[PDB]
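Let me begin by presenting the structure, written as structure tokens, before commenting on it.
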Amino acid sequence: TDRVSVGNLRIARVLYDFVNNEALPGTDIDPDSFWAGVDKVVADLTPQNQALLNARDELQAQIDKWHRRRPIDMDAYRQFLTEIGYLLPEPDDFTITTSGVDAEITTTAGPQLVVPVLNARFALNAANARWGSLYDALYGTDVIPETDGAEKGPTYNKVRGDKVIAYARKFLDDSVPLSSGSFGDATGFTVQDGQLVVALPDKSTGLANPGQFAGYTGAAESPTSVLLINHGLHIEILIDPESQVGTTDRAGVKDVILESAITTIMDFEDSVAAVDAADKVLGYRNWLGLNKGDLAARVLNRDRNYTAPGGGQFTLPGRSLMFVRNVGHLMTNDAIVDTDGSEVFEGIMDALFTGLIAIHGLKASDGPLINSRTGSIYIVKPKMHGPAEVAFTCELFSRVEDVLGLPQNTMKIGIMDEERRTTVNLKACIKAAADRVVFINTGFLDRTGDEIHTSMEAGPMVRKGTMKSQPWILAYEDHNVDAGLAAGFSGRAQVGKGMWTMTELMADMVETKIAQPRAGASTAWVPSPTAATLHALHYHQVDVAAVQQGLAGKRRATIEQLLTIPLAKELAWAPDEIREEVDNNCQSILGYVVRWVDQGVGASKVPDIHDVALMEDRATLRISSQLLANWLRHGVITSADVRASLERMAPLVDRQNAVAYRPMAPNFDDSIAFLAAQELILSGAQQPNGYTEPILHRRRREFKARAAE
Ligand SMILES: O=C(O)c1c[nH]c2ccccc12
Ligand SMILES: [Mg+2]
Ligand SMILES: [Mg+2]
């Protein structure tokens with residue numbers, strides 16, 4: 001049955017082959033030892049993996065019943081959570097010891113880009129998004145309004161181009177002030193006696209802070225570019241009067257380049273659909289090509305050469321420092337099954353295989369080694385529930401390092417704070433990984449899904465749009481930063497915040513997302529290289545190091561605030577508001593699911609009911625489906641409502657697509673994608689912590705089975 005037997009494991013051939021032929025060569029790991037290690041780790045850790053998952057269910061069951069036997073008494077609730085071991089004692093102050101970490105993580109505040117690893121083109125663009133064109137980002141998005149004269153068309157619009165230029169000139173004034181005058185009036189740049197001199201019409205000036213001059217390229221007397229630094233982030237002015245844009249520019253400037261995506265996370269989790277060995281291998285292979293530096297659709301950037309102010313030479317990293325996000329503890333995958341046909345835990349597999357693969361990024365790739373020069377491997381672990389689950393992940397990494405022959409603590413962990421039991425025990429979760437943790441991050445999307453599911457039995461929840469402003473989530477965000485800073489994250493590890501999902505609303509992002517660095521986050525998530533470039537603006541405006549220093553020692557969220565369930569208040573909605581929420585959620589669910597199930601796309605732009613293009617993934621799906629499950633559970637809507645709305649929105653989703661796309665309508669009961677969507681809602685309450693993978697995986701697998709015949 002094209003599997004390979006190794007001890008108790010039966011490994012899908014396509015995987016076995018990939019590891020032996022592509023992943024193992026060059027790591028100096030004996031293949032047979034590797035596989036014996038896989039067998040041993042899986043056998044040793046599977047029981048504890050299962051025990052943890054069972055505890056989740058048991059805790060949820062107790063909470064469910066507590067709510068059913070019930071102006072919620074928060075004192076009794078908190079006492080109950082403590083009794084059942086949900087809420088655990090907060091450990092004594094400590095400082096993390098994680099070491100051997102690159103500066104991009106310890107010190108540099110800036111955007112963090114997340115990309116589906118299964119998409120090689122996206123993944124390449126992401127690795128290369130460390131440097132990005134500010135002009136392109138402004139010209140190509142709505143940051144520059146398409147007012148009269150400034151609209152985009154087939155050809156270059158000089159009116160729009162001029163606006164882009166002026167926008168950038170102001171950025172320069174704000175970020176790297178001249179001693180006198182504005183960059184808007186610059187006629188030239190030179191380097192004199194190690195000093196940047198900016199020519200203005202009437203005179204010449206230097207930088208208000210000469211320390212911001214980092215280097216240049218070309219002749220000092222008329223550089224081809226000028227390199228500045230601000231808040232640790234680089235800005236490069238490209239000087240080319242011969243260019244199209246350059247010829248029109250008052251100083252011959254062709255573009256302004258921003259260091260953007262300082263780190264990137266190659267995602268195996270919520271933004272990809274990978275339900276079997278073939279899918280996994282496609283992902284593992286891209287991860288491998290990124291680490292070996294030979295992935296090509298277009299190729300990976302080399303480092304950048306500069307001349308220092310003084311005249312000597314130096315270089316800067318040309319690539320985004322790469323993390324890999326493994327899947328969490330929940331799912332099994334049949335890429336490997338045991339003797340009895342039981343699927344093996346996917347998270348365990350990811351640690352072994354992405355860990356193995358990551359070794360290549362630590363060594364030269366005929367060209368310099370592509371990733372960590374300090375010797376670390378950076379893995380994000382999502383969807384953990386509490387300190388025992390974190391300790392488990394660390395033990396897993398420890399065992400994997402042994403199998404990989406890596407120094408202990410090589411595998412660093414970025415901890416998602418995106419489950420309620422982690423939020424309320426965050427200090428203990430960090431402590432559990434005190435020598436491995438390189439970031440914490442508020443995955444607010446999953447966190448919201450978990451919020452809804454945990455309190456499913458308490459009553460009807462507020463509408464999805466209301467969640468972002470609820471007390472529980474505001475406390476959760478502050479609490480995360482507090483715990484991070486108290487654990488000595490400043491200068492040691494990232495304090496990160498969540499994803500911007502409205503890919504077309506870049507004007508909105510630029511005005512809104514500045515709140516994250518202002519909240520003391522040294523990084524926050526963006527969906528694209530363009531978005532990374534625009535979000536980078538915020539880090540030039542905000543001095544995150546300063547903000548963090550000022551936040552130190554503060555306790556801004558109480559346990560009682562974290563525990564505030566987002567219950568709706570009686571009669572909160574008119575019938576039309578209820579129908580809109582239902583229709584909106586159904587359309588978003590159907591839009592995402594149809595492409596997940598039919599085409600194996602784990603992240604899709606799906607226009608919502610207000611026609612806003614929303615980037616959907618499993619987390620946004622978990623919210624939508626859990627909310628409708630909650631509303632159905634408490635009588636806000638009927639089973640006829642759900643069905644009618646699904647049936648109503650489906651044809652609209654069909655029309656929003658109409659590509660290699662199959663329609664769901666009119667034969668709904670025969671559409672696997674339709675049935676998946678339906679199931680996500682009607683079975684939502686019974687899904688473990690409201691997770692969507694069990695259904696999505698089963699249905700995708702069903703679609704694949706059907707398509708092969
Ligand atoms: O939920 C996550 O962790 C996501 C990773 N890449 C994305 C793109 C759009 C919305 C959510 C995510
Ligand atoms: Mg029950
Ligand atoms: Mg998440």
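Following the order of the structure tokens, chains are lettered A, B, ..., residues in each are numbered from 1, and ligands are numbered from 1.
Around ligand 3, using only C-alpha atoms and all ligand atoms and a cut-off of 10 Å, the residues in contact are residues 269, 270, 271, 327, 328, 381, 382, 383, 416, 417, 418, 419, 441, 442, 443, 444, 445, 446, 447, 448, 449, 498, 499, 617, 618, 619, 620 and 622 of chain A.
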> Can you tell me, as a PyMOL selection string, what residues are no more than 12 Å from residue 323 in chain A when counting only C-alpha atoms, ignoring any on the same chain fewer than 6 positions away?
Replying inline: chain A and resi 102+104-105+112-115+117+123+126-127+261-268+287+290-291+354-355+358+361+371-372+376-381+411-415+438-439
Go ahead and save the picked residues with C-alpha atoms, as a short mmCIF file (atom, residue, chain, number, x, y, z; two decimals), in the first residue's frame.
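again27.cif was written with the following content:
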```
data_model
loop_
_atom_site.label_atom_id
_atom_site.label_comp_id
_atom_site.auth_asym_id
_atom_site.auth_seq_id
_atom_site.Cartn_x
_atom_site.Cartn_y
_atom_site.Cartn_z
CA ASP A 102 19.66 36.66 15.37
CA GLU A 104 16.24 40.49 13.45
CA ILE A 105 14.40 38.84 16.34
CA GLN A 112 6.65 40.04 10.08
CA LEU A 113 5.26 38.47 6.94
CA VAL A 114 3.34 35.19 6.91
CA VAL A 115 2.99 33.23 3.68
CA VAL A 117 4.59 27.54 2.21
CA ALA A 123 7.22 32.04 -0.56
CA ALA A 126 8.29 36.71 0.91
CA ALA A 127 11.92 35.70 1.50
CA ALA A 261 9.73 42.14 6.11
CA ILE A 262 12.56 41.67 8.61
CA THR A 263 11.38 38.14 9.33
CA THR A 264 9.01 35.90 7.45
CA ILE A 265 7.02 32.90 8.59
CA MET A 266 6.66 30.07 6.09
CA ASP A 267 3.30 28.64 7.07
CA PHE A 268 2.38 24.97 7.21
CA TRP A 287 10.77 24.84 2.80
CA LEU A 290 14.21 28.11 0.70
CA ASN A 291 16.77 26.78 3.16
CA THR A 354 10.87 20.98 9.18
CA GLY A 355 13.61 20.71 11.81
CA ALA A 358 16.04 23.74 8.58
CA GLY A 361 19.66 27.06 6.24
CA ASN A 371 19.34 31.77 7.13
CA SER A 372 20.54 31.92 10.76
CA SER A 376 19.21 28.86 15.46
CA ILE A 377 16.17 27.24 13.89
CA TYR A 378 12.98 29.22 14.36
CA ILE A 379 9.71 27.37 14.69
CA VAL A 380 6.28 28.84 15.38
CA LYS A 381 3.97 26.55 17.36
CA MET A 411 15.12 24.87 17.82
CA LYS A 412 13.65 28.13 19.04
CA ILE A 413 9.93 28.60 19.56
CA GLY A 414 7.59 31.39 18.59
CA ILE A 415 4.58 30.94 20.85
CA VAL A 438 11.89 33.87 20.58
CA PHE A 439 8.46 35.40 20.43
#
```
> Counting only C-alpha atoms and all ligand atoms, what residues are within 8 Å of ligand 2, given as a list in words?
Replying inline: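 Written in the requested form, the residues are residues 61, 64, 65, 685 and 686 of chain A.
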>> Ranking A:692, A:79, A:423, A:530 by minimum distance to residue 679 in chain A and counting only C-alpha atoms, which one comes first?
In response: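 Closest to residue 679 in chain A of all the choices is A:692.
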> Hey, which of A:168, A:186, A:502, A:563 ends up closest to ligand 1? Count only C-alpha atoms and all ligand atoms.
Replying inline: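 Smallest separation from ligand 1 among the options: A:502.
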> Hey, what does DSSP flag as alpha helix (DSSP H) within range 86-323 of chain A? Can you give it to me as a ChimeraX atom specification?
Replying inline: /A:103-106,120-127,134-139,158-175,244-248,277-292
> Between A:276, A:146, A:173, A:616, which is the closest to ligand 1 once you count only C-alpha atoms and all ligand atoms?
Replying inline: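 Under the stated criterion, the closest residue is A:616.
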>> So that I can see what lies close to residue 50 in chain A, please list as a VMD selection string the residues with an atom at most 12 Å from it, counting only C-alpha atoms and leaving out residues fewer than 2 positions away in the same chain.
In response: chain A and resid 42 to 48 52 to 57 329 to 332 344 to 345 347 to 348 389 392
For those residues, write N, CA and C atoms to a file as a PDB file, in the first residue's frame.
```
ATOM      1  N   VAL A  42       7.976   9.315  18.017  1.00  0.00           N
ATOM      2  CA  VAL A  42       6.541   9.121  17.862  1.00  0.00           C
ATOM      3  C   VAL A  42       5.984   8.169  18.920  1.00  0.00           C
ATOM      4  N   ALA A  43       6.648   7.037  19.124  1.00  0.00           N
ATOM      5  CA  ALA A  43       6.184   6.088  20.129  1.00  0.00           C
ATOM      6  C   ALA A  43       6.214   6.698  21.535  1.00  0.00           C
ATOM      7  N   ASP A  44       7.290   7.406  21.863  1.00  0.00           N
ATOM      8  CA  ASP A  44       7.453   7.964  23.205  1.00  0.00           C
ATOM      9  C   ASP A  44       6.480   9.099  23.539  1.00  0.00           C
ATOM     10  N   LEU A  45       6.169   9.944  22.559  1.00  0.00           N
ATOM     11  CA  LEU A  45       5.460  11.200  22.828  1.00  0.00           C
ATOM     12  C   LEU A  45       3.975  11.187  22.456  1.00  0.00           C
ATOM     13  N   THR A  46       3.571  10.252  21.603  1.00  0.00           N
ATOM     14  CA  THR A  46       2.172  10.133  21.198  1.00  0.00           C
ATOM     15  C   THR A  46       1.198  10.033  22.386  1.00  0.00           C
ATOM     16  N   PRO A  47       1.527   9.203  23.397  1.00  0.00           N
ATOM     17  CA  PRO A  47       0.616   9.088  24.540  1.00  0.00           C
ATOM     18  C   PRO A  47       0.367  10.422  25.241  1.00  0.00           C
ATOM     19  N   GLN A  48       1.419  11.198  25.468  1.00  0.00           N
ATOM     20  CA  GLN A  48       1.276  12.490  26.134  1.00  0.00           C
ATOM     21  C   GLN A  48       0.550  13.483  25.234  1.00  0.00           C
ATOM     22  N   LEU A  52      -2.998  15.175  26.455  1.00  0.00           N
ATOM     23  CA  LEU A  52      -3.228  16.609  26.418  1.00  0.00           C
ATOM     24  C   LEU A  52      -4.522  16.940  25.686  1.00  0.00           C
ATOM     25  N   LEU A  53      -4.760  16.272  24.564  1.00  0.00           N
ATOM     26  CA  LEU A  53      -5.966  16.531  23.793  1.00  0.00           C
ATOM     27  C   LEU A  53      -7.205  16.108  24.577  1.00  0.00           C
ATOM     28  N   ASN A  54      -7.102  14.989  25.287  1.00  0.00           N
ATOM     29  CA  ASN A  54      -8.201  14.496  26.117  1.00  0.00           C
ATOM     30  C   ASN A  54      -8.528  15.481  27.231  1.00  0.00           C
ATOM     31  N   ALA A  55      -7.490  16.081  27.803  1.00  0.00           N
ATOM     32  CA  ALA A  55      -7.670  17.052  28.874  1.00  0.00           C
ATOM     33  C   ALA A  55      -8.428  18.277  28.364  1.00  0.00           C
ATOM     34  N   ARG A  56      -8.141  18.688  27.134  1.00  0.00           N
ATOM     35  CA  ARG A  56      -8.885  19.777  26.517  1.00  0.00           C
ATOM     36  C   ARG A  56     -10.373  19.462  26.534  1.00  0.00           C
ATOM     37  N   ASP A  57     -10.721  18.271  26.053  1.00  0.00           N
ATOM     38  CA  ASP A  57     -12.117  17.848  25.973  1.00  0.00           C
ATOM     39  C   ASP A  57     -12.764  17.808  27.350  1.00  0.00           C
ATOM     40  N   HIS A 329      -0.961  20.710  18.098  1.00  0.00           N
ATOM     41  CA  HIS A 329      -1.035  19.365  18.682  1.00  0.00           C
ATOM     42  C   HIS A 329      -2.216  18.508  18.232  1.00  0.00           C
ATOM     43  N   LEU A 330      -3.218  19.116  17.602  1.00  0.00           N
ATOM     44  CA  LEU A 330      -4.501  18.423  17.418  1.00  0.00           C
ATOM     45  C   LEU A 330      -4.501  17.311  16.385  1.00  0.00           C
ATOM     46  N   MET A 331      -4.049  17.626  15.179  1.00  0.00           N
ATOM     47  CA  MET A 331      -4.338  16.771  14.039  1.00  0.00           C
ATOM     48  C   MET A 331      -3.361  15.625  13.845  1.00  0.00           C
ATOM     49  N   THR A 332      -3.877  14.536  13.287  1.00  0.00           N
ATOM     50  CA  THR A 332      -3.043  13.468  12.770  1.00  0.00           C
ATOM     51  C   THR A 332      -3.074  13.579  11.254  1.00  0.00           C
ATOM     52  N   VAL A 344      -0.510   9.290  12.402  1.00  0.00           N
ATOM     53  CA  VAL A 344       0.474   9.838  13.333  1.00  0.00           C
ATOM     54  C   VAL A 344       0.237  11.336  13.520  1.00  0.00           C
ATOM     55  N   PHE A 345       0.493  11.842  14.725  1.00  0.00           N
ATOM     56  CA  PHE A 345       0.314  13.269  15.018  1.00  0.00           C
ATOM     57  C   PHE A 345       1.150  14.148  14.094  1.00  0.00           C
ATOM     58  N   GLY A 347       1.848  17.413  14.173  1.00  0.00           N
ATOM     59  CA  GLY A 347       2.769  18.315  14.839  1.00  0.00           C
ATOM     60  C   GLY A 347       4.096  17.646  15.150  1.00  0.00           C
ATOM     61  N   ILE A 348       4.040  16.398  15.593  1.00  0.00           N
ATOM     62  CA  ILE A 348       5.265  15.669  15.866  1.00  0.00           C
ATOM     63  C   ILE A 348       6.046  15.529  14.566  1.00  0.00           C
ATOM     64  N   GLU A 389       1.083  22.080  27.713  1.00  0.00           N
ATOM     65  CA  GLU A 389       1.211  21.903  26.268  1.00  0.00           C
ATOM     66  C   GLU A 389       2.484  22.552  25.714  1.00  0.00           C
ATOM     67  N   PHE A 392       5.340  20.374  26.650  1.00  0.00           N
ATOM     68  CA  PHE A 392       5.332  19.250  25.734  1.00  0.00           C
ATOM     69  C   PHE A 392       6.043  19.606  24.435  1.00  0.00           C
TER      70      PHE A 392
END
```
> In range 166-241 of chain A, what's strand (DSSP E) per DSSP? Answer as number ranges by chain?
Replying inline: A: 188-192, 195-199, 204-205, 213-217, 225-230, 233-239
Residues just named, written with C-alpha atoms as a short mmCIF file (atom, residue, chain, number, x, y, z; two decimals), in the first residue's frame:
```
data_model
loop_
_atom_site.label_atom_id
_atom_site.label_comp_id
_atom_site.auth_asym_id
_atom_site.auth_seq_id
_atom_site.Cartn_x
_atom_site.Cartn_y
_atom_site.Cartn_z
CA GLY A 188 21.29 66.26 -5.15
CA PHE A 189 23.17 64.03 -2.73
CA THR A 190 26.90 63.70 -2.13
CA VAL A 191 29.31 62.33 0.47
CA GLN A 192 31.96 64.74 1.69
CA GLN A 195 29.29 63.07 5.57
CA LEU A 196 25.99 63.06 3.69
CA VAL A 197 25.43 66.41 2.03
CA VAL A 198 22.00 67.19 0.59
CA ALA A 199 21.87 69.94 -2.03
CA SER A 204 23.37 72.55 1.16
CA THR A 205 22.49 70.74 4.39
CA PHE A 213 23.68 58.05 7.45
CA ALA A 214 24.58 54.37 7.01
CA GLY A 215 26.28 54.28 3.63
CA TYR A 216 26.00 54.77 -0.10
CA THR A 217 26.72 53.11 -3.42
CA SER A 225 22.16 55.51 -3.91
CA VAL A 226 22.15 56.68 -0.32
CA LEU A 227 21.52 54.43 2.64
CA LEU A 228 19.97 55.68 5.87
CA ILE A 229 18.95 53.98 9.08
CA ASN A 230 16.21 54.88 11.54
CA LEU A 233 15.52 49.93 9.90
CA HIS A 234 17.17 50.85 6.60
CA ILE A 235 15.98 53.29 3.97
CA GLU A 236 17.64 53.52 0.59
CA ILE A 237 17.31 56.41 -1.82
CA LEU A 238 17.92 55.24 -5.38
CA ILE A 239 19.49 57.99 -7.46
#
```
>> Report as a ChimeraX atom specification all protein, DNA and RNA residues lying within 12 Å of residue 666 in chain A, evaluated on only C-alpha atoms, omitting residues in the same chain fewer than 2 positions from it.
In response: /A:646-652,654,662-664,668-671,674
> For ligand 1, which residue out of A:97, A:503, A:33, A:315 is the nearest one, using only C-alpha atoms and all ligand atoms?
Replying inline: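 Of the candidates, the smallest distance to ligand 1 is held by A:503.
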>> I'd like the contact shell of residue 70 in chain A - 12 Å cut-off, only C-alpha atoms, skipping same-chain residues fewer than 5 positions apart - returned as a list in words.
In response: residues 63, 64, 65, 76, 77, 457, 458 and 459 of chain A
>> Just checking: using only C-alpha atoms, which residue out of A:527, A:154, A:246, A:116 ends up closest to residue 187 in chain A?
In response: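 Once distances to residue 187 in chain A are computed over only C-alpha atoms, the minimum belongs to A:246.
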> Can you list, as a list in words, every protein, DNA or RNA residue that comes within 9 Å of residue 428 in chain A when you count only C-alpha atoms, leaving out same-chain residues fewer than 4 positions away?
Replying inline: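 My list of contacting residues is residues 88, 89, 90, 91, 386, 387, 388, 390, 422, 432 and 433 of chain A.
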Since we have the selection now, will you write its residues out, keeping N, CA and C atoms, as a PDB file, in the first residue's frame?
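Output contents, as saved in result-v5.pdb:
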```pdb
ATOM      1  N   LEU A  88      -4.179  28.081  36.368  1.00  0.00           N
ATOM      2  CA  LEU A  88      -3.118  27.572  37.237  1.00  0.00           C
ATOM      3  C   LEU A  88      -2.367  28.703  37.923  1.00  0.00           C
ATOM      4  N   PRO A  89      -1.658  28.380  39.017  1.00  0.00           N
ATOM      5  CA  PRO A  89      -0.889  29.393  39.748  1.00  0.00           C
ATOM      6  C   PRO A  89       0.112  30.107  38.846  1.00  0.00           C
ATOM      7  N   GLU A  90       0.234  31.415  39.035  1.00  0.00           N
ATOM      8  CA  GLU A  90       1.202  32.217  38.303  1.00  0.00           C
ATOM      9  C   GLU A  90       2.577  32.091  38.962  1.00  0.00           C
ATOM     10  N   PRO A  91       3.587  31.667  38.190  1.00  0.00           N
ATOM     11  CA  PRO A  91       4.949  31.476  38.705  1.00  0.00           C
ATOM     12  C   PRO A  91       5.593  32.785  39.159  1.00  0.00           C
ATOM     13  N   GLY A 386      -2.211  26.183  27.261  1.00  0.00           N
ATOM     14  CA  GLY A 386      -1.654  26.117  28.598  1.00  0.00           C
ATOM     15  C   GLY A 386      -0.220  25.632  28.662  1.00  0.00           C
ATOM     16  N   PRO A 387       0.401  25.780  29.840  1.00  0.00           N
ATOM     17  CA  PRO A 387       1.826  25.533  30.094  1.00  0.00           C
ATOM     18  C   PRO A 387       2.231  24.080  29.868  1.00  0.00           C
ATOM     19  N   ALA A 388       1.368  23.132  30.216  1.00  0.00           N
ATOM     20  CA  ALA A 388       1.720  21.732  30.030  1.00  0.00           C
ATOM     21  C   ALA A 388       1.896  21.439  28.546  1.00  0.00           C
ATOM     22  N   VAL A 390       2.885  23.677  26.296  1.00  0.00           N
ATOM     23  CA  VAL A 390       4.139  24.325  25.919  1.00  0.00           C
ATOM     24  C   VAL A 390       5.345  23.468  26.314  1.00  0.00           C
ATOM     25  N   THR A 422      -4.101  29.376  27.256  1.00  0.00           N
ATOM     26  CA  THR A 422      -2.762  29.972  27.203  1.00  0.00           C
ATOM     27  C   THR A 422      -2.765  31.436  27.677  1.00  0.00           C
ATOM     28  N   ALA A 432       7.755  27.901  30.738  1.00  0.00           N
ATOM     29  CA  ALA A 432       7.932  26.534  30.275  1.00  0.00           C
ATOM     30  C   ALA A 432       8.912  26.475  29.108  1.00  0.00           C
ATOM     31  N   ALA A 433       9.047  27.585  28.388  1.00  0.00           N
ATOM     32  CA  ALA A 433       9.930  27.654  27.225  1.00  0.00           C
ATOM     33  C   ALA A 433      10.990  28.737  27.403  1.00  0.00           C
TER      34      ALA A 433
END
```
